[PDB]
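All remarks here apply to the structure that follows.
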Amino acid sequence: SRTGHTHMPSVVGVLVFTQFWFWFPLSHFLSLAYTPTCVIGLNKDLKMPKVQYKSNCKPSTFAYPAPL
Amino acid sequence: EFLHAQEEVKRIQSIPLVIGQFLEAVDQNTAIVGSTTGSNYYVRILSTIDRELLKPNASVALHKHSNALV
Amino acid sequence: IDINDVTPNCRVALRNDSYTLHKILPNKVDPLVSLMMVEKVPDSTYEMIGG
Amino acid sequence: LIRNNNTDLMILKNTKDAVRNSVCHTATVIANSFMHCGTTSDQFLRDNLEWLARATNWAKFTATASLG
Amino acid sequence: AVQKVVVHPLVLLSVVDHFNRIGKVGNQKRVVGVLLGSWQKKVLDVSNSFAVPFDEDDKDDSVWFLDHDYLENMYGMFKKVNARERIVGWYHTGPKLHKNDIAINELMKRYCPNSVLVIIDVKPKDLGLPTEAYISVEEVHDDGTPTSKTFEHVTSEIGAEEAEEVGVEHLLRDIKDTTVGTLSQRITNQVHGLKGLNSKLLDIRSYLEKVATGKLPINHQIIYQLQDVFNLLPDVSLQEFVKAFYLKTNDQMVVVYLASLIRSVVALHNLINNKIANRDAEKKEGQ
Amino acid sequence: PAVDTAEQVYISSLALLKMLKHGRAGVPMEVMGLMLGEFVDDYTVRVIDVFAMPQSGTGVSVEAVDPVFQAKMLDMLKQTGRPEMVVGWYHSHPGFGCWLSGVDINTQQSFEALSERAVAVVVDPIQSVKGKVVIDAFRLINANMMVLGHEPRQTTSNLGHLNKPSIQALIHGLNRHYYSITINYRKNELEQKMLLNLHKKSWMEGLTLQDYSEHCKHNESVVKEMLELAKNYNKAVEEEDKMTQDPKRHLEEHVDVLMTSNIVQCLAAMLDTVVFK
Ligand SMILES: [Zn+2]
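Residue numbers (UniProt numbering), protein chains in the order written: chain W, 750 to 817; chain E, 71 to 140; chain F, 103 to 153; chain C, 342 to 409; chain U, 5 to 291; chain V, 23 to 266, 278 to 310.
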């Protein structure tokens, strides 16, 4: 997890995905190993307000791959 | 495993081999032979068959199936 | 293999059961002629000849 | 994920074009599933109904799993 | 008589499979079959076998139902499949004999004059072969003792056709040993030899204990062989032998010394080459 | 429904040994037999044992089955305690490859008609040189499925692949009329130990000593050879280091053999002197 705790869904998903050599349908278990790389700000009302996060780095070391 | 592979090579250098005349050496570890069956083949030489002694038109035993010079 | 290297009267190797040409071998030479070219040069020299 | 669903479809289109075998077919299905996981966007599967319909036996199992 | 019997891997596997299937369907101490083979001098070649239906009363110890009709039918069909394999004996997968063994060997002698029992122990041991061979001989004991129709041991061995060697080797490819003497394996073989010698000596000592106390009678052939063994024990404290022994040990040790010296010199050459290579690489990297 | 490229035929140790024996015991005549086995669920064909067929002279075909012999011996094997169906047939191809010919295809079609899971196995005893068992299972591809564009066999897992199909089988139509099933072997620990008993050495040979005269002769011979290699290796090192392998390698092999043989016999002699008094 983000705090260092082992992510049980993620480890289970990776193991079962690795167990696709014997059964392709289990190859989808890797979905459990997908974690959104999101930082989401919530205020007291538990609704997402329009905030502007500020990262001090070049806009090419973390940008989406360009369409080719 | 290395010992096993050595033993396998020593085995493929087996007993029921077929006589033939090594005609010439094309490259390293490959040469042309003419088997006493009356046909000429482009076969592969095993390793360390004394290529110094392996002179053109030399009596040599051939693998019965692959015709390799062994 | 490129065809252009496959000239008439040249030896070629053929795969088993498919007779597919997969190598160009040394040109065939009559054994009597082949054992007629000099491989090991004599040891005589122009310094061994006088007059 | 839905707000940021910056997925690329041309690469998947190229894979689909290059595919010939059922193995690669299910591979493309699963890769689409991975590239669309948590995005709820099945645009590729709703566009290539003929391709998706060329599946059979456990390939249909895998395609439905990709949907999930 | 028969001096040797060589059983085959196919026979061993068939016996094991027969016992397994019988003990899976039901429960029985023994399972019985016929052994088919050929003779070459007094060397039987047990190259095949087939199970026969057979059950007995383990309490009575004298009632059994070996199926002669089944035996002959199977023998005929095996003759049809292969002809150079005539009934040469029978086998039962019992670790120990029974009072029924003589009777069943009498039954089998109708199909073979020199009928031989082969006890093939499905339980796998670690010192000896899984087959023990017995031939029923009944003769007036020159000993002068009452004579009873009993078995006599026959030398047994395991041999294989080439078409069986290929299968055996393929099946054992994963757990096979090298077909060459590597020093570790040779030392291990010597240790196993000591183990086997100790086990055999222990068996002989236990038999001597039993015969001495009185549980068993004195077997004159056993005692003769033991006497000959003790006659055959060498004398290693003899001076003329100690001197030759030291001479040979010194010869072997000088050969070993030369070998080790050569090996050390070669290793030094290898390290010289490695040091030079490292020097060259670091100089090139620096420049 | 579609058989996938994951089914395996589990040939027992006894079945394989019987197959090879029959093949090399009736070469060159095409030997044949039935497979007393079991289809377990959909991916398993357990060939528990085989069942030789008498040589019928008319090659290998349905005419060679001799059904009366089949029924009689199957009934008697059941009596023995071996109640297994006939999961296909085996027949040898002595030296001319491991595939199916037209008659083989017809026979396997008949077997599939009996039950559409039977596998036709082929063993080539001639090229089954010890160390390499050239055996292969097969089943036919329905004429409709191939033309329909659908693959002959489903592919749901990576199991089943990892096998390189033979060039002979390709040129004889491996995938156009049939397909090669993967052969697995069911080896029990007890069976493996029984197999080991074949060449298992005796404690005698473990504790025995090489002839001493022969040992001395061998040591002298190898030491002379190692002397010659030492001279060669000296010249090689000198020339290479003056202008800046086979001698070193051969010398290492000779030193290794000398050390192992001499040490083994010395220790065997020590053990004998202690143990036998
Ligand atoms: Zn055939």
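Don't be surprised by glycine CBs; every beta carbon is placed ideally from N, CA and C.
**Study point:** Where the beta strand (DSSP E) containing residue 104 of chain U begins and where it ends
**Key:** If you number the fifth sequence from 1, residue 104 of chain U lands on position 100. Note, residue 104 of chain U: premise wrong, no beta strand (DSSP E); alpha helix (DSSP H) at 104 to 112.
**Study point:** Where residue 265 of chain V falls: helix, strand or coil (DSSP)
**Key:** For the purposes of this step, residue 265 of chain V is taken as residue 243 along the sixth sequence, with counting starting at 1. Helix at residue 265 of chain V.
Review point. Under 8 Å from any heavy atom of ligand 1, does the C-beta of residue 125 of chain V make it?
Key: Taking the first residue of the sixth sequence as position 1, residue 125 of chain V is located at position 103. Residue 125 of chain V Cβ: within cutoff of ligand 1.
Exercise for review: Reducing DSSP to helix, strand and coil, say where residue 351 of chain C ends up.
Suggested key: Start at 1 with the first residue of the fourth sequence, and residue 351 of chain C comes out as number 10. It is helical.
Check your understanding: Touching or not, the region 182 to 194 of chain V and the region 118 to 137 of chain V, by the rule of three or more beta carbon pairs under 8 Å?
Key -> yes
Exercise for review: Would you check whether ligand 1 has a heavy atom nearer than 8 Å to the C-beta of residue 122 of chain V?
Suggested key: Working through the sixth sequence from its first residue, we reach residue 122 of chain V at position 100. Yes - ligand 1 has a heavy atom lying nearer than 8 Å to the Cβ of residue 122 of chain V.
Check your understanding: Per DSSP, what kind of secondary structure is residue 93 of chain E in: helix, strand or coil?
Key -> Here residue 93 of chain E refers to the residue found at position 23 of the second sequence. DSSP places residue 93 of chain E in strand when its eight states are reduced to three.
Check your understanding: Per DSSP, residue 176 of chain V forms a beta bridge with which residues?
Key -> Numbered from its first residue, the sixth sequence carries residue 176 of chain V at position 154. DSSP, once it has assigned bridges, lists V:26 as partnering residue 176 of chain V.
Point to revise | CA nearest to the CA of residue 88 of chain U, picked from U:62, U:50, U:23 | key: By 1-based counting over the fifth sequence, the position of residue 88 of chain U is 84. With distances taken between Cα atoms, residue 88 of chain U lies closest to U:50.
Check your understanding: Which bits of chain W does residue 178 of chain V rub up against, with CB to CB less than 9 Å?
Key -> Position 156 of the sixth sequence, counted from the start, is the residue given in the question as residue 178 of chain V. Within chain W, the residues near residue 178 of chain V are 772, 773, 774.
Exercise for review: Please list the residues of the region 247 to 267 of chain U that have a C-beta atom closer than 8 Å to any C-beta atom in chain V, keeping them in chain order.
Suggested key: 249, 252, 253, 255, 256, 257, 259, 260, 262, 263, 264, 266, 267
Check your understanding: Is any heavy atom in ligand 1 found nearer than 8 Å to the beta carbon of residue 115 of chain V?
Key -> Within the sixth sequence, residue 115 of chain V is the residue found at index 93, counting from 1. Yes - ligand 1 has a heavy atom lying nearer than 8 Å to the Cβ of residue 115 of chain V.
Review point. Which of helix, strand or coil does DSSP assign to residue 796 of chain W?
Key: The residue labelled residue 796 of chain W in the question sits at position 47 within the first sequence. Residue 796 of chain W falls in the coil class under three-state DSSP.
Review point. Regarding residue 262 of chain V and ligand 1, is the C-beta to nearest heavy atom distance less than 8 Å?
Key: Along the sixth sequence, read from residue 1 onward, the residue named residue 262 of chain V stands at position 240. Because no heavy atom of ligand 1 lies under 8 Å away, the Cβ of residue 262 of chain V does not count as near it: no.
Check your understanding: Hey, does residue 31 of chain V have any beta-carbon neighbour from chain E nearer than 9 Å?
Key -> Counted from its first residue, the sixth sequence places residue 31 of chain V at position 9. Output row for residue 31 of chain V: interface = no.
Exercise for review: Could you check what DSSP says for residue 206 of chain V in three-state terms: helix, strand or coil?
Suggested key: Counting from one through the sixth sequence, the residue named residue 206 of chain V turns up at place 184. Looking at residue 206 of chain V - three-state DSSP - the assignment turns out to be strand.
Exercise for review: Using a Cβ-Cβ cut-off of less than 8 Å, give me the residues of the region 125 to 137 of chain F that come near chain E, in sequence order.
Suggested key: 125, 127, 128, 133, 136, 137
Point to revise | Whole-angstrom distance between residue 119 of chain E and residue 15 of chain U, CA atom to CA atom | key: Taking the first residue of the fifth sequence as position 1, residue 15 of chain U is located at position 11. Taking the first residue of the second sequence as position 1, residue 119 of chain E is located at position 49. Approximately 41 Å between the Cα atoms of the pair.
Check your understanding: Between residue 349 of chain C and residue 816 of chain W, what straight-line distance do the alpha-carbon atoms span, to the nearest angstrom?
Key -> Your numbering for residue 349 of chain C matches position 8 in the fourth sequence. Your numbering for residue 816 of chain W matches position 67 in the first sequence. C-alpha separation (whole angstroms): 7 Å.
Check your understanding: Helix or strand or just coil, what does DSSP make of residue 74 of chain V?
Key -> Translated into the one-based positions of the sixth sequence, residue 74 of chain V becomes position 52. Strand.
Check your understanding: Is the beta carbon of residue 92 of chain V less than 9 Å from the beta carbon of residue 74 of chain U?
Key -> Your numbering for residue 92 of chain V matches position 70 in the sixth sequence. Your numbering for residue 74 of chain U matches position 70 in the fifth sequence. Contact flag unset, no.
Point to revise | Proximal residues of chain E, C-beta to C-beta of residue 149 of chain V below 7 Å | key: Counting from one through the sixth sequence, the residue named residue 149 of chain V turns up at place 127. The answer, in chain order, is 135.
Practice item. With a threshold of 16 other CB atoms inside 10 Å of the CB of residue 797 of chain W, please say whether the residue is buried or exposed. Key: In the first sequence, residue 797 of chain W corresponds to position 48, counting from 1. So residue 797 of chain W counts as exposed.
Check your understanding: Using a beta-carbon distance cut-off of less than 9 Å, what residues from the region 365 to 392 of chain C approach chain V?
Key -> 367
Check your understanding: How far does the beta strand (DSSP E) with residue 228 of chain V in it reach, from first residue to last?
Key -> Locating residue 228 of chain V in the sixth sequence gives position 206, counting from the first residue. Element bounds for residue 228 of chain V: not the beta strand (DSSP E) but the alpha helix (DSSP H), 225 to 229.
Exercise for review: State yes or no: is the C-beta of residue 85 of chain V nearer than 8 Å to some heavy atom of ligand 1?
Suggested key: Position 63 of the sixth sequence, counted from the start, is the residue given in the question as residue 85 of chain V. False, no ligand heavy atom lies under 8 Å from that Cβ.
Check your understanding: Can we say the region 98 to 117 of chain V touches the region 137 to 152 of chain V, given the rule of at least three CB pairs closer than 8 Å?
Key -> yes
Point to revise | Beta-carbon gap between residue 120 of chain U and residue 93 of chain U smaller than 9 Å | key: Position 116 of the fifth sequence, counted from the first residue, corresponds to residue 120 of chain U. Position 89 of the fifth sequence, counted from the first residue, corresponds to residue 93 of chain U. Yes, Cβ-Cβ distance for residue 120 of chain U and residue 93 of chain U is below 9 Å.
**Study point:** Beta carbon of residue 140 of chain U nearer than 9 Å to that of residue 129 of chain U
**Key:** Counting from one through the fifth sequence, the residue named residue 140 of chain U turns up at place 136. Counting from one through the fifth sequence, the residue named residue 129 of chain U turns up at place 125. For residue 140 of chain U and residue 129 of chain U, no; Cβs fall outside 9 Å.
Check your understanding: At least one CB of chain B closer than 9 Å to the CB of residue 778 of chain W: is that the case?
Key -> In the displayed structure, chain B is absent; the protein chains listed are W, E, F, C, U and V.
**Study point:** Buried versus exposed call for residue 21 of chain U [16 or more other C-beta atoms within 10 Å across all chains shown]
**Key:** Taking the first residue of the fifth sequence as 1, we reach residue 21 of chain U at position 17. Counting Cβ neighbours within 10 Å, residue 21 of chain U comes out buried, since at least 16 surround it.
**Study point:** Minimum C-alpha distance to residue 33 of chain U - residue among U:265, U:263, U:52, U:63
**Key:** Here residue 33 of chain U refers to the residue found at position 29 when the fifth sequence is read from its first residue. Answer by Cα proximity: U:63.
Check your understanding: Does any C-beta atom of chain W lie closer than 9 Å to the C-beta of residue 349 of chain C?
Key -> Looking up residue 349 of chain C in the fourth sequence gives position 8. It does; some Cβ of chain W falls within 9 Å.
Exercise for review: With hydrogens ignored, establish whether the beta-carbon of residue 144 of chain V is closer than 8 Å to any heavy atom of ligand 3.
Suggested key: By its list of ligands, the structure shown excludes ligand 3, since it contains just ligand 1.
Check your understanding: Using a C-beta cutoff of 9 Å, does residue 231 of chain U count as contacting chain V?
Key -> Within the fifth sequence, residue 231 of chain U is the residue found at index 227, counting from 1. False, the Cβ-Cβ gap to chain V never drops below 9 Å.
Exercise for review: Determine which residues of the region 181 to 193 of chain U have a Cβ less than 9 Å from any Cβ of chain E, and write them out in chain order.
Suggested key: 182, 183, 184, 186
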